[PDB]
Amino acid sequence: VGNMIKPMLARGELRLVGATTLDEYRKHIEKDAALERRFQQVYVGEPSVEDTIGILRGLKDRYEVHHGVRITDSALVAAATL
Amino acid sequence: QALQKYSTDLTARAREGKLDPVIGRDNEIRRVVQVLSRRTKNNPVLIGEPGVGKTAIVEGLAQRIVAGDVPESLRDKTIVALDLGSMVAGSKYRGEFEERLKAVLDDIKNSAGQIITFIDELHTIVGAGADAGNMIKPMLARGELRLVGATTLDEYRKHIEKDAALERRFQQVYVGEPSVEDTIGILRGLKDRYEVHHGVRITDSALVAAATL
Amino acid sequence: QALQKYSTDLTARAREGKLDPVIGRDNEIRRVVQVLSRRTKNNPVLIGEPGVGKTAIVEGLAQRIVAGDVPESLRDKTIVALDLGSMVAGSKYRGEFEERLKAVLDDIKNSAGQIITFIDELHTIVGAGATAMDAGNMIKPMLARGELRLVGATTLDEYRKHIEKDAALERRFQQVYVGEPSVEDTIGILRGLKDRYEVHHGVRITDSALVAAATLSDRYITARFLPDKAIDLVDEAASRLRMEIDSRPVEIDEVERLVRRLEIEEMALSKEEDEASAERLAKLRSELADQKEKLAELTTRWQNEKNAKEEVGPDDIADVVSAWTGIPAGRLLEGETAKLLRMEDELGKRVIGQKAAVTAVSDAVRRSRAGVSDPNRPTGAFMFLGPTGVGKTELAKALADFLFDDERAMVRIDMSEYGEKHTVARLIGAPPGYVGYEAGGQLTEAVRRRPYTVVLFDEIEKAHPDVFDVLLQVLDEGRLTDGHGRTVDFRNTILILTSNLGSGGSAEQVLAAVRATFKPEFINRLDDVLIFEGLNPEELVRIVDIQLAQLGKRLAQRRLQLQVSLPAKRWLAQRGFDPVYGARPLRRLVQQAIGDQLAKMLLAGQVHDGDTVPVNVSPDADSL
Amino acid sequence: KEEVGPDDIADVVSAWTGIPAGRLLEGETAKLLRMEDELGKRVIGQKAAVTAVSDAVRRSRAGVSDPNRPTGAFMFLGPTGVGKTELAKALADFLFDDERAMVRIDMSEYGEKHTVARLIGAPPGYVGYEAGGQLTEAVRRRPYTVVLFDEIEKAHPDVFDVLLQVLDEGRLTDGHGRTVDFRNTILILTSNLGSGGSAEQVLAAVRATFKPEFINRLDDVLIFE
Ligand SMILES: Nc1ncnc2c1ncn2[C@@H]1O[C@H](COP(=O)(O)OP(=O)(O)OP(O)(O)=S)[C@@H](O)[C@H]1O
Ligand SMILES: Nc1ncnc2c1ncn2[C@@H]1O[C@H](COP(=O)(O)OP(=O)(O)OP(O)(O)=S)[C@@H](O)[C@H]1O
Ligand SMILES: Nc1ncnc2c1ncn2[C@@H]1O[C@H](COP(=O)(O)OP(=O)(O)OP(O)(O)=S)[C@@H](O)[C@H]1O
Ligand SMILES: Nc1ncnc2c1ncn2[C@@H]1O[C@H](COP(=O)(O)OP(=O)(O)OP(O)(O)=S)[C@@H](O)[C@H]1O
């Protein structure tokens with residue numbers, strides 16, 4: 001999105017959870033939609049350096065068995081900042 | 001078996017109690033009835049800025065029919081929720097949407113004049129062409145189907161008024177937005193549905209403050 | 001036999017008499033006949049605006065064939081109506097459409113000139129079956145030799161959108177322009193048609209209704225054409241009347257529904273374990289009782305009239321034209337004539353003084369309901385001017401309030417922004433082929449909907465002296481034309497042009513400044529150029545009363561109210577000084593002297609919701 | 001204490017649109033009472049003005065103010081370098097804690113007639129039409145800002161005929177024909193009339209420069225010491 005899911009949706013039997021980008025959503029769901037009255041926006045901008053560092057250090061063991069070499073917090077933070 | 005896979009039954013839906021209890025707006029229901037009960041060219045079209053309840057009037061008419069509060073020549077008519085999103089959708093050939101549209105029209109006009117029809121957002125009626133949404137006029141301007149509609153001001157002006165010879169077959173019912181007092185009335189009417197859905201309670205002062213803010 | 005499978009019949013329907021009778025239109029049918037009976041290229045195509053009758057002519061021709069009033073060479077021809085829809089039902093294969101078309105064509109040809117085909121809306125014949133043009137012109141050879149006759153009727157703004165583009169085919173068609181009839185002929189059409197409706201609905205119809213409908217449908221509904229927008233009014237009136245011979249008439253069913261609503265509401269609002277419901281329920285009881293009284297009174301009057309309304313009259317038409325295109329055009333049914341005779345002292349509640357202007361506005365509104373006004377000219381075009389803070393904008397808003405009950409239902413344009421000439425396109429739309437064109441005009445597409453609103457022109461003298469020239473037609477008659485060329489109607493909207501010319505010179509110097517800031521032919525359009533006058537210290541006391549009423553009504557949201565003593569009430573007006581700034585200083589004084597202290601107390605405790613506070617004067621200020 | 005209340009709705013309608021509409025929940029009242037002094041830490045001097053703006057905010061949020069008119073239309077003027085723009089910025093920093101969340105426009109640029117189109121837009125059929133107007137776009141969202149008019153003495157007396165109805169109604173109409181509401185903003189417009197003269201030599205400059213229809217619109221004309 002077209003006109004084939006709105007008669008299904010304004011009845012209360014299905015629940016769709018979608019996803020897209022900001023400007024794209026502003027394109028296909030604003031001009032030709034007339035449906036935006038039944039869609040609720042949720043914003044997820046971007047994590048920060050400190051947050052993606054936690055993400056990395058959470059997701060480290062999986063690769064330490066995939067390849068398996070060694071990991072250093074210095075390497076993680078360097079990757080993040082660089 | 002023609003209008004069985006391209007339509008539902010809004011009347012039977014209201015009989016199953018799964019509709020919302022419209023409150024007020026008796027002027028517009030009476031206007032819609034005294035238009036839908038005409039002799040020729042009986043097709044009302046609910047017009048008004050978006051959000052003010054242009055479908056709620058049609059559900060109200062359905063509930064009133066089910067309850068039996070309508071004039072003599074309006075009982076047991078079983079208004080039908082037609083749809084075109086599922087007729088023009090799967091068709092990749094020459095002249096295939098036409099067979100479906102003609103089957104629907106034929107099934108309507110075989111039965112007596114008791115299949116009052118309802119297309120919502122009928123600004124999706126001028127397309128389907130490529131000579132579509134245009135073979136319907138000979139049955140429109142003769143009182144064969146009733147075709148209760150609902151469209152926004154903008155879409156109406158942009159999509160229909162460019163096709164004047166079709167706009168003639170319609171009647172406008174300007175559904176203006178309600179005032180604060182009528183809004184409080186409607187809110188107080190609907191309170192119980194949400195009070196049941198969410199296991200909480202809602203105060204009348206809260207309703208008034210909502211309708212005022 | 002393929003005909004009997006891909007087409008209906010018309011002469012049969014005529015013989016069994018299912019076609020509405022046809023009246024008038026003699027020259028058109030004669031021309032159609034003499035074209036339909038020529039040697040080569042005998043194809044009439046009825047053209048003209050939508051609604052004026054382009055199929056009724058063909059059905060009249062069918063009736064005339066059944067009767068026998070046609071010339072010799074048109075005897076017993078059995079007109080047939082094709083159907084290009086059911087000819088393309090299933091043709092997903094390659095030739096399943098050309099086969100059917102050839103079948104129908106050779107079947108027409110094997111009939112020795114008997115059949116006279118009739119394709120309704122023949123502008124759909126162009127793209128019969130495509131993929132590169134192959135179909136829809138298979139009848140182009142047979143047309144020329146006059147094998148088939150092919151009478152058809154299509155609208156006027158599509159004959160140059162689809163067919164005229166293909167002038168190889170259009171050449172084989174003769175056009176029969178069909179103009180719209182006048183009121184004198186519409187009256188006859190109705191007088192002849194005034195049986196089918198009178199029968200379908202079990203009612204009777206009076207000729208006064210026919211005449212009044214044929215007049216109002218031309219005066220007011222300026223969007224459709226005459227033979228149809230007139231019949232619609234009669235039909236809806238009869239439908240409503242039949243719906244009233246049902247159990248109960250209107251104006252009582254609505255009141256009983258409203259009473260039941262207020263009952264079901266007061267019943268469920270009573271069990272409120274709350275305090276904010278005390279003063280909200282005390283009025284609902286009053287309203288329920290005072291509507292049930294009217295219910296009982298209407299009931300008793302109906303029983304009287306029933307113990308001591310069977311056909312439509314020339315006023316139910318007015319009620320329909322009022323319910324649709326909400327212009328009110330009834331006959332002043334005694335429910336509001338008191339209101340109209342009271343209009344002066346009813347507007348005096350929001351404006352104090354300026355009885356001269358209130359009288360002019362009241363007269364121009366009154367003498368239009370009684371049908372004495374100029375039928376093609378706006379309902380009045382006033383420009384009232386004077387010093388500032390006097391009440392001109394307030395009077396305009398008060399008039400819109402009294403008329404509509406909703407101040408937010410008038411059209412207000414600030415002519416202080418139109419300082420540049422080119423900004424006039426903001427209210428007239430941009431020509432075709434430019435940026436903003438699909439949205440049309442703004443003032444125009446505001447008036448075209450609900451053409452009963454009030455129009456208002458703030459600060460007319462600030463605009464460039466070329467915006468003034470767009471309003472000449474608007475004031476002379478009710479016509480303005482946006483980009484799309486269409487024309488809106490201003491015949492029944494009350495124009496108002498506020499201003500500030502000649503601040504305080506004299507009651508005559510300003511009548512020499514206006515004539516120097518305008519043109520000689522612009523002043524000539526307006527009605528009386530009302531001149532406001534400043535305020536007197538005796539007149540500001542009532543203004544103080546009004547401001548205090550406003551402040552109390554706004555405070556009643558926190559269930560407070562005040563008790564003002566006459567010392568302070570006259571002190572405030574005694575501080576309505578400097579007869580140069582009108583009456584706004586009084587508003588700023590009320591603020592500065594009451595609101596600040598009231599808020600200071602209110603948000604510092606000690607003034608908890610409920611209890612009223614009395615204001616009492618002091619030597620210089622006033623304390624609470 | 002397991003049911004919705006008539007202030008949770010205000011909580012929602014303030015949780016979006018930014019408007020602080022409510023019934024003076026706790027802490028907020030302490031801040032409002034503690035305003036004249038809390039604003040003094042950034043604006044030393046000018047005792048007369050801070051009280052006026054503070055009373056305006058107090059009235060507007062306490063529940064006694066005309067719902068259809070701006071929340072104040074002050075124009076304060078005085079000698080050079082006294083703290084006018086700085087008072088405005090300190091206010092905006094007080095009730096937002098974001099110095100860059102107000103909409104200031106420099107009236108020093110609009111010495112030309114036609115440059116007004118930046119805060120209105122262009123009529124239908126001209127170059128910049130679908131973009132809108134700068135001021136109108138900035139105010140249609142964030143309907144709680146603090147509009148400012150830096151040194152409104154330069155723009156020759158035609159821009160005074162848009163504020164003439166921005167004030168007293170909070171109305172403005174951009175190119176597309178829309179309408180915006182200024183009903184809950186605080187318009188503030190400085191100046192430099194006077195320049196040394198007494199209060200009765202600058203109150204003549206105001207009269208001889210502007211019009212009665214204008215001076216009558218805006219609120220108290222604060223003079224700075
Ligand atoms: N008179 C009424 N009685 C009861 N519920 C109403 C009434 N008017 C409006 N509503 C409710 O308000 C909402 C309006 O939704 P709809 O009327 O279905 O939307 P709509 O009027 O079709 O506008 P669009 O064009 O579809 S976005 C629904 O939740 C209705 O239940
Ligand atoms: N001369 C006439 N005598 C009687 N009734 C007429 C006459 N002219 C028009 N009418 C009626 O006025 C209405 C006009 O209907 P039509 O002529 O069928 O519409 P139309 O002219 O075909 O316009 P379109 O574009 O096809 S919708 C019908 O109710 C006709 O019965
Ligand atoms: N006769 C009056 N009756 C009641 N209130 C009045 C009257 N005259 C003035 N007022 C008050 O003064 C306010 C300002 O008057 P307005 O008419 O709005 O100003 P104006 O007449 O438009 O003058 P200009 O030229 O536009 S500044 C009104 O909103 C009222 O509150
Ligand atoms: N009472 C005061 N409190 C705090 N800073 C002040 C005060 N008076 C002056 N200042 C400082 O004076 C400087 C100039 O203040 P501004 O308000 O920016 O100048 P201005 O008032 O705009 O004068 P013009 O006419 O625009 S040049 C800033 O650095 C302020 O911090």
# chains A, B, ... in the order shown; residues from 1 in each chain; ligands from 1
$ residues_near_ligand --ligand "ligand 1" --cutoff "7 Å" --atoms "only C-alpha atoms and all ligand atoms" --output "number ranges by chain"
A: 37; B: 20-25, 50-57, 151-152, 186, 190
$ write_last_selection --atoms "C-alpha atoms" --output "PDB file, in the first residue's frame"
ATOM      1  CA  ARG A  37      -6.562   6.771  10.239  1.00  0.00           C
TER       2      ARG A  37
ATOM      3  CA  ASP B  20     -22.123  -0.223  17.676  1.00  0.00           C
ATOM      4  CA  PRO B  21     -25.169   1.526  19.153  1.00  0.00           C
ATOM      5  CA  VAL B  22     -25.513   4.723  17.106  1.00  0.00           C
ATOM      6  CA  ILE B  23     -26.961   7.528  19.247  1.00  0.00           C
ATOM      7  CA  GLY B  24     -28.803  10.457  17.711  1.00  0.00           C
ATOM      8  CA  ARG B  25     -28.785  11.749  14.131  1.00  0.00           C
ATOM      9  CA  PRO B  50     -13.724  12.829   7.280  1.00  0.00           C
ATOM     10  CA  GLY B  51     -14.314  11.443  10.754  1.00  0.00           C
ATOM     11  CA  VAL B  52     -17.793  12.802  11.506  1.00  0.00           C
ATOM     12  CA  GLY B  53     -19.612   9.477  11.264  1.00  0.00           C
ATOM     13  CA  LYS B  54     -20.576   8.957   7.626  1.00  0.00           C
ATOM     14  CA  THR B  55     -20.781   5.183   8.035  1.00  0.00           C
ATOM     15  CA  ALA B  56     -22.388   5.274  11.488  1.00  0.00           C
ATOM     16  CA  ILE B  57     -25.555   6.515   9.793  1.00  0.00           C
ATOM     17  CA  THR B 151     -17.388   9.640   0.437  1.00  0.00           C
ATOM     18  CA  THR B 152     -15.318  12.558   1.668  1.00  0.00           C
ATOM     19  CA  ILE B 186     -22.559  10.029  21.932  1.00  0.00           C
ATOM     20  CA  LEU B 190     -20.615   4.409  23.940  1.00  0.00           C
TER      21      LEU B 190
END
$ interface_residues --of "chain A" --to "chain B" --cutoff "10 Å" --atoms "only C-alpha atoms" --output "ChimeraX atom specification"
/A:2-7,34,37
$ interface_residues --of "chain D" --to "chain B" --cutoff "8 Å" --atoms "only C-alpha atoms" --output "number ranges by chain"
D: 2-7, 9-10, 13
$ write_last_selection --atoms "N, CA and C atoms" --output "mmCIF file, in the first residue's frame"
data_model
loop_
_atom_site.group_PDB
_atom_site.id
_atom_site.type_symbol
_atom_site.label_atom_id
_atom_site.label_comp_id
_atom_site.auth_asym_id
_atom_site.auth_seq_id
_atom_site.Cartn_x
_atom_site.Cartn_y
_atom_site.Cartn_z
ATOM 1 N N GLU D 2 -8.931 2.700 40.738
ATOM 2 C CA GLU D 2 -8.740 1.878 39.549
ATOM 3 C C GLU D 2 -9.727 2.283 38.461
ATOM 4 N N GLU D 3 -9.844 3.587 38.225
ATOM 5 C CA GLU D 3 -10.702 4.108 37.172
ATOM 6 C C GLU D 3 -10.089 5.394 36.643
ATOM 7 N N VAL D 4 -10.380 5.696 35.378
ATOM 8 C CA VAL D 4 -9.811 6.881 34.749
ATOM 9 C C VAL D 4 -10.444 8.125 35.352
ATOM 10 N N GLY D 5 -9.708 9.228 35.328
ATOM 11 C CA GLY D 5 -10.176 10.457 35.915
ATOM 12 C C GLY D 5 -10.204 11.592 34.918
ATOM 13 N N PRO D 6 -10.834 12.704 35.296
ATOM 14 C CA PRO D 6 -10.923 13.861 34.401
ATOM 15 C C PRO D 6 -9.625 14.631 34.231
ATOM 16 N N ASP D 7 -8.517 14.156 34.794
ATOM 17 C CA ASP D 7 -7.216 14.756 34.544
ATOM 18 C C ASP D 7 -6.265 13.831 33.802
ATOM 19 N N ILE D 9 -7.205 12.537 31.041
ATOM 20 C CA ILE D 9 -7.450 13.004 29.682
ATOM 21 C C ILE D 9 -6.587 14.221 29.381
ATOM 22 N N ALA D 10 -6.487 15.146 30.336
ATOM 23 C CA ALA D 10 -5.579 16.271 30.168
ATOM 24 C C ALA D 10 -4.139 15.794 30.073
ATOM 25 N N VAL D 13 -3.794 14.649 26.383
ATOM 26 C CA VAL D 13 -3.826 15.744 25.426
ATOM 27 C C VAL D 13 -2.693 16.733 25.654
#
$ residues_near_ligand --ligand "ligand 4" --cutoff "7 Å" --atoms "only C-alpha atoms and all ligand atoms" --output "ChimeraX atom specification"
/D:42-46,79-87,151,191-192
$ residues_near_ligand --ligand "ligand 3" --cutoff "9 Å" --atoms "only C-alpha atoms and all ligand atoms" --output "PyMOL selection string"
(chain C and resi 348-354+385-396+458-459+498-500+503+534-535+539-540+542-544+546-547+581-587) or (chain D and resi 164-165+168+212-214+216-217)
$ closest_residue --among "C:82, C:56, C:258, C:45" --to "chain B" --atoms "only C-alpha atoms"
C:258
$ residues_near_ligand --ligand "ligand 2" --cutoff "7 Å" --atoms "only C-alpha atoms and all ligand atoms" --output "list in words"
residues 141, 165, 166, 168 and 169 of chain B; 20, 21, 22, 23, 24, 25, 50, 51, 52, 53, 54, 55, 56, 57, 154, 155, 189, 193, 227 and 228 of chain C
$ residues_around --residues "residue 112 of chain B" --least-positions-apart "3" --cutoff "10 Å" --atoms "only C-alpha atoms" --output "PyMOL selection string"
chain B and resi 77+108-109+115+144
$ write_last_selection --atoms "N, CA, C and O atoms" --output "compact mmCIF listing (two decimals), in the first residue's frame"
# COMPACT_ATOMS: atom_id res chain seq x y z
N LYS B 77 -35.27 -5.81 4.00
CA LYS B 77 -34.56 -5.50 2.77
C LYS B 77 -33.11 -5.96 2.76
O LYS B 77 -32.53 -6.07 1.68
N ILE B 108 -28.75 -9.32 -8.63
CA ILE B 108 -29.56 -8.29 -7.99
C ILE B 108 -30.92 -8.20 -8.68
O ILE B 108 -31.96 -8.33 -8.03
N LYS B 109 -30.92 -7.98 -9.99
CA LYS B 109 -32.17 -7.68 -10.69
C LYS B 109 -33.06 -8.90 -10.90
O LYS B 109 -34.22 -8.72 -11.28
N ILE B 115 -32.81 -5.83 -2.24
CA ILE B 115 -31.39 -6.09 -2.03
C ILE B 115 -30.63 -4.77 -1.94
O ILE B 115 -29.58 -4.62 -2.58
N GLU B 144 -33.26 0.27 -9.81
CA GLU B 144 -33.07 -1.17 -9.73
C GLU B 144 -32.26 -1.59 -8.52
O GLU B 144 -32.63 -2.55 -7.84
$ interface_residues --of "chain B" --to "chain C" --cutoff "8 Å" --atoms "only C-alpha atoms" --output "PDB file with N, CA and C atoms, in the first residue's frame"
ATOM      1  N   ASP B  26     -31.188  11.588  13.958  1.00  0.00           N
ATOM      2  CA  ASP B  26     -32.441  11.104  13.397  1.00  0.00           C
ATOM      3  C   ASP B  26     -32.824  11.863  12.137  1.00  0.00           C
ATOM      4  N   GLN B  34     -36.325   8.796   3.341  1.00  0.00           N
ATOM      5  CA  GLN B  34     -37.235   9.428   2.394  1.00  0.00           C
ATOM      6  C   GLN B  34     -36.576   9.685   1.047  1.00  0.00           C
ATOM      7  N   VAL B  35     -35.268   9.464   0.934  1.00  0.00           N
ATOM      8  CA  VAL B  35     -34.651   9.441  -0.388  1.00  0.00           C
ATOM      9  C   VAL B  35     -34.646   8.029  -0.950  1.00  0.00           C
ATOM     10  N   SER B  37     -36.651   5.782  -0.551  1.00  0.00           N
ATOM     11  CA  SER B  37     -37.996   5.290  -0.817  1.00  0.00           C
ATOM     12  C   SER B  37     -38.626   5.959  -2.034  1.00  0.00           C
ATOM     13  N   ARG B  38     -37.816   6.599  -2.872  1.00  0.00           N
ATOM     14  CA  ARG B  38     -38.321   7.304  -4.043  1.00  0.00           C
ATOM     15  C   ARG B  38     -38.752   6.306  -5.112  1.00  0.00           C
ATOM     16  N   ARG B  39     -39.160   6.816  -6.273  1.00  0.00           N
ATOM     17  CA  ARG B  39     -39.582   5.968  -7.380  1.00  0.00           C
ATOM     18  C   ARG B  39     -38.459   5.701  -8.375  1.00  0.00           C
ATOM     19  N   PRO B  71     -40.755   2.623   7.516  1.00  0.00           N
ATOM     20  CA  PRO B  71     -42.078   2.630   6.876  1.00  0.00           C
ATOM     21  C   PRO B  71     -42.441   1.320   6.199  1.00  0.00           C
ATOM     22  N   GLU B  72     -43.635   1.287   5.603  1.00  0.00           N
ATOM     23  CA  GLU B  72     -44.210   0.041   5.107  1.00  0.00           C
ATOM     24  C   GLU B  72     -43.331  -0.596   4.039  1.00  0.00           C
ATOM     25  N   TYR B  93      -6.948 -10.761 -18.146  1.00  0.00           N
ATOM     26  CA  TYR B  93      -7.417 -11.183 -19.461  1.00  0.00           C
ATOM     27  C   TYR B  93      -8.303 -10.071 -20.001  1.00  0.00           C
ATOM     28  N   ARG B  94      -8.747 -10.240 -21.241  1.00  0.00           N
ATOM     29  CA  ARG B  94      -9.704  -9.313 -21.823  1.00  0.00           C
ATOM     30  C   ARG B  94     -11.108  -9.683 -21.380  1.00  0.00           C
ATOM     31  N   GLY B  95     -11.848  -8.696 -20.888  1.00  0.00           N
ATOM     32  CA  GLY B  95     -13.217  -8.916 -20.480  1.00  0.00           C
ATOM     33  C   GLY B  95     -13.382 -10.025 -19.466  1.00  0.00           C
ATOM     34  N   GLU B  96     -12.845  -9.832 -18.285  1.00  0.00           N
ATOM     35  CA  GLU B  96     -13.073 -10.769 -17.192  1.00  0.00           C
ATOM     36  C   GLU B  96     -13.741 -10.112 -15.997  1.00  0.00           C
ATOM     37  N   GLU B  98     -15.831  -7.853 -16.369  1.00  0.00           N
ATOM     38  CA  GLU B  98     -17.188  -7.618 -16.836  1.00  0.00           C
ATOM     39  C   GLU B  98     -18.100  -8.788 -16.506  1.00  0.00           C
ATOM     40  N   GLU B  99     -17.602 -10.021 -16.619  1.00  0.00           N
ATOM     41  CA  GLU B  99     -18.455 -11.158 -16.299  1.00  0.00           C
ATOM     42  C   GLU B  99     -18.851 -11.154 -14.830  1.00  0.00           C
ATOM     43  N   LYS B 102     -21.372  -8.247 -14.229  1.00  0.00           N
ATOM     44  CA  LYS B 102     -22.663  -8.570 -14.813  1.00  0.00           C
ATOM     45  C   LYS B 102     -23.354  -9.678 -14.036  1.00  0.00           C
ATOM     46  N   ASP B 131     -15.057   2.266 -19.563  1.00  0.00           N
ATOM     47  CA  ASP B 131     -15.910   1.107 -19.791  1.00  0.00           C
ATOM     48  C   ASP B 131     -15.960   0.208 -18.561  1.00  0.00           C
ATOM     49  N   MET B 135     -21.061   0.734 -16.937  1.00  0.00           N
ATOM     50  CA  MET B 135     -22.181  -0.094 -17.351  1.00  0.00           C
ATOM     51  C   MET B 135     -23.273  -0.118 -16.297  1.00  0.00           C
ATOM     52  N   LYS B 158     -12.965  15.539  -6.403  1.00  0.00           N
ATOM     53  CA  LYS B 158     -11.847  15.237  -7.286  1.00  0.00           C
ATOM     54  C   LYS B 158     -12.165  14.105  -8.253  1.00  0.00           C
ATOM     55  N   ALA B 164     -19.737  14.307 -14.781  1.00  0.00           N
ATOM     56  CA  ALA B 164     -21.052  14.879 -14.497  1.00  0.00           C
ATOM     57  C   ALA B 164     -22.226  13.971 -14.831  1.00  0.00           C
ATOM     58  N   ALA B 165     -22.192  13.309 -15.984  1.00  0.00           N
ATOM     59  CA  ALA B 165     -23.319  12.472 -16.378  1.00  0.00           C
ATOM     60  C   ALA B 165     -23.548  11.298 -15.437  1.00  0.00           C
ATOM     61  N   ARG B 168     -25.201  12.825 -11.738  1.00  0.00           N
ATOM     62  CA  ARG B 168     -26.629  13.117 -11.750  1.00  0.00           C
ATOM     63  C   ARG B 168     -27.437  12.013 -11.083  1.00  0.00           C
ATOM     64  N   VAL B 173     -26.286  14.043   0.910  1.00  0.00           N
ATOM     65  CA  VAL B 173     -26.788  14.264   2.260  1.00  0.00           C
ATOM     66  C   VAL B 173     -25.637  14.805   3.095  1.00  0.00           C
ATOM     67  N   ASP B 204     -18.139  10.263  34.380  1.00  0.00           N
ATOM     68  CA  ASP B 204     -18.821  11.226  33.527  1.00  0.00           C
ATOM     69  C   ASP B 204     -18.072  12.549  33.456  1.00  0.00           C
ATOM     70  N   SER B 205     -17.436  12.962  34.554  1.00  0.00           N
ATOM     71  CA  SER B 205     -16.609  14.158  34.496  1.00  0.00           C
ATOM     72  C   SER B 205     -15.457  13.970  33.526  1.00  0.00           C
TER      73      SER B 205
END
$ interface_residues --of "chain C" --to "chain D" --cutoff "9 Å" --atoms "only C-alpha atoms" --output "number ranges by chain"
C: 387-389, 413-414, 416-417, 419-420, 422-427, 429-431, 434-437, 441-443, 462, 500, 503, 551, 554-555, 557-558, 580-582, 584-585, 588, 591, 595-596, 598-600, 602-604
$ residues_around --residues "residue 145 of chain C" --least-positions-apart "4" --cutoff "12 Å" --atoms "only C-alpha atoms" --output "list in words"
residues 38, 39, 40, 41, 42, 43, 109, 113, 139, 140, 141, 149 and 172 of chain C
$ residues_around --residues "residue 155 of chain D" --least-positions-apart "6" --cutoff "9 Å" --atoms "only C-alpha atoms" --output "VMD selection string"
chain D and resid 107 to 113
$ write_last_selection --atoms "N, CA, C and O atoms" --output "mmCIF file, in the first residue's frame"
data_model
loop_
_atom_site.group_PDB
_atom_site.id
_atom_site.type_symbol
_atom_site.label_atom_id
_atom_site.label_comp_id
_atom_site.auth_asym_id
_atom_site.auth_seq_id
_atom_site.Cartn_x
_atom_site.Cartn_y
_atom_site.Cartn_z
ATOM 1 N N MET D 107 13.088 41.163 12.175
ATOM 2 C CA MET D 107 12.428 42.185 11.376
ATOM 3 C C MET D 107 13.401 43.181 10.766
ATOM 4 O O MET D 107 12.964 44.064 10.023
ATOM 5 N N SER D 108 14.696 43.072 11.060
ATOM 6 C CA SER D 108 15.679 43.952 10.446
ATOM 7 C C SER D 108 15.902 43.640 8.976
ATOM 8 O O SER D 108 16.469 44.474 8.263
ATOM 9 N N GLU D 109 15.471 42.472 8.507
ATOM 10 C CA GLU D 109 15.653 42.072 7.122
ATOM 11 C C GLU D 109 14.554 42.574 6.202
ATOM 12 O O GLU D 109 14.784 42.685 4.996
ATOM 13 N N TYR D 110 13.378 42.891 6.736
ATOM 14 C CA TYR D 110 12.191 43.123 5.919
ATOM 15 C C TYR D 110 12.024 44.592 5.577
ATOM 16 O O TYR D 110 10.901 45.085 5.459
ATOM 17 N N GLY D 111 13.130 45.321 5.430
ATOM 18 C CA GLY D 111 13.045 46.698 4.981
ATOM 19 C C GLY D 111 12.398 46.848 3.623
ATOM 20 O O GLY D 111 11.915 47.937 3.290
ATOM 21 N N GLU D 112 12.372 45.783 2.832
ATOM 22 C CA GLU D 112 11.726 45.779 1.532
ATOM 23 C C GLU D 112 10.268 45.371 1.679
ATOM 24 O O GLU D 112 9.901 44.623 2.589
ATOM 25 N N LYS D 113 9.436 45.874 0.770
ATOM 26 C CA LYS D 113 8.009 45.579 0.824
ATOM 27 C C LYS D 113 7.742 44.091 0.635
ATOM 28 O O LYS D 113 7.129 43.443 1.490
#
$ atom_distance --atom1 "atom CA of residue 150 of chain D" --atom2 "atom CA of residue 104 of chain D"
7.0 Å
$ select_by_dssp --residues "segment 72-176 of chain D" --states "strand (DSSP E)" --output "count of residues only"
10
$ residues_around --residues "residue 355 of chain C" --least-positions-apart "2" --cutoff "12 Å" --atoms "only C-alpha atoms" --output "VMD selection string"
chain C and resid 343 to 345 347 to 348 351 to 353 357 to 363 391 395 530 to 533
$ residues_around --residues "residue 70 of chain A" --least-positions-apart "5" --cutoff "10 Å" --atoms "only C-alpha atoms" --output "list in words"
residues 60, 61, 63, 64 and 65 of chain A
$ atom_distance --atom1 "atom CA of residue 152 of chain C" --atom2 "atom CA of residue 173 of chain C"
9.6 Å
$ decode --residues "segment 13-21 of chain A" --atoms "C-alpha atoms" --output "compact mmCIF listing (two decimals), in the first residue's frame"
# COMPACT_ATOMS: atom_id res chain seq x y z
CA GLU A 13 -10.44 -10.14 12.84
CA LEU A 14 -6.83 -9.64 11.74
CA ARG A 15 -3.91 -7.76 13.29
CA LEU A 16 -1.04 -6.69 11.03
CA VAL A 17 2.22 -5.29 12.38
CA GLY A 18 4.19 -3.59 9.63
CA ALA A 19 7.45 -1.69 9.23
CA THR A 20 9.07 0.78 6.82
CA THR A 21 11.24 3.91 6.76
